[PDB]
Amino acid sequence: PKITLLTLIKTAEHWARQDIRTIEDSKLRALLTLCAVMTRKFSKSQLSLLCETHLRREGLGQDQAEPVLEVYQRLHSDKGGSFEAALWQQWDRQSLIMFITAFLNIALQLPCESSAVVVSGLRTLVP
């Protein structure tokens, strides 16, 4: 199947509603890519809001904002999956699972652009 924008979102919808703690590593690795690709569909301005929401929902302290925002920033600017590969190599499986699930559940509810002019205009078009 073609990885269109719609397919990408439907794939995210689907995996957001799964318990991924027992899935094989090959699929977990692919989910990391999904999070990376999906992160890049947010404007740069929305990454702090992504971080703040991640912290709030996961019950993390403000001292965790630096590393969490860094993950989102470095995925957003990732070239050739270099940073993505580093996360896979250097984090334990439990950390990856928790970050991935957290992201997939927040990503579909946050706006992907921040300009009021963009948001207000697009709302007039929604059925």
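In case it trips you up, residue 1 is the first one in the sequence shown, and so on.
In this entry, the higher average B-factor at the C-alpha atoms falls on 61-69, of the pair 61-69 and 32-40. Looking at mean Cα B-factors across 22-30 and 48-56, the upper value is held by 22-30. Per the deposited record, the Cα B-factor of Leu110 falls in the middle third when ranked against the other modelled residues of its chain.
In this PDB entry, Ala85 carries a Cα temperature factor that places it within the highest third of its chain's modelled residues. Among all modelled residues in its chain, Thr101 ranks in the lowest third by Cα B-factor.
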